[PDB]
Every structure is written in structure tokens, then in C-alpha cells.
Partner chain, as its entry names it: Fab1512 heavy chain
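Below you'll find only one chain, the form deposited without the partner chain, shown as C-alpha cells.
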């Protein structure tokens, strides 16, 4: 059945996109309408170099919901 949840592959793609602004503050929502994701570096991982961020443990993720997508 369709999951209707964001996928890890897609969240990782977003991480690539916003990597220059990635911080311990929540990122912008990945979408301007519908459902997307926001990500941030976990506060306890702020000291880590970019190349040692573990997806599961060092990155936090939350669903964000914008207004319905228009036709």
C-alpha cells in the first residue's frame, strides 16, 4: 500500500539541496505547497564536521504541511 510518508531517499536529497544553510535551526520546509520535510542538525552534533553526520542519529526531521497545491 502507498505509504504517504516522506522517504529517507527523498530527505537525503533535500539534505544535499540545503547543505549550505543546514544548521541546528530547522530548515525551510522542502515544499511551498502540500507535505514536505524540515531538517536540522541535532544540537548535540553541532561540533561534527559535515562529512561525519550520521543520517539516523545526527539529523532531525519533521513533516511540514503547507497550503494545498494549486492547479
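Positions refer to the first chain, counted from 1.
The same protein has a further form, the form solved in complex with the partner chain, not shown here; the description that follows concerns it.
Participant: Answer with yes or no whether residue 38 is in contact with the partner chain in the entry with it bound, where contact means some heavy atom within 4.5 Å.
Facilitator: Heavy-atom contact with the partner chain at 4.5 Å: present for residue 38.
Participant: Taking the partner chain as it sits in the entry with it bound, is residue 68 near enough to touch it, meaning that at least one heavy atom pair lies within 4.5 angstroms?
Facilitator: Heavy-atom contact with the partner chain at 4.5 Å: absent for residue 68.
Participant: Residue by residue through 6 to 44, tell me which have a non-hydrogen atom within 4.5 angstroms of the partner chain in the entry with it bound.
Facilitator: Contacting residues: 6, 7, 8, 11, 26, 35, 37, 38, 40.
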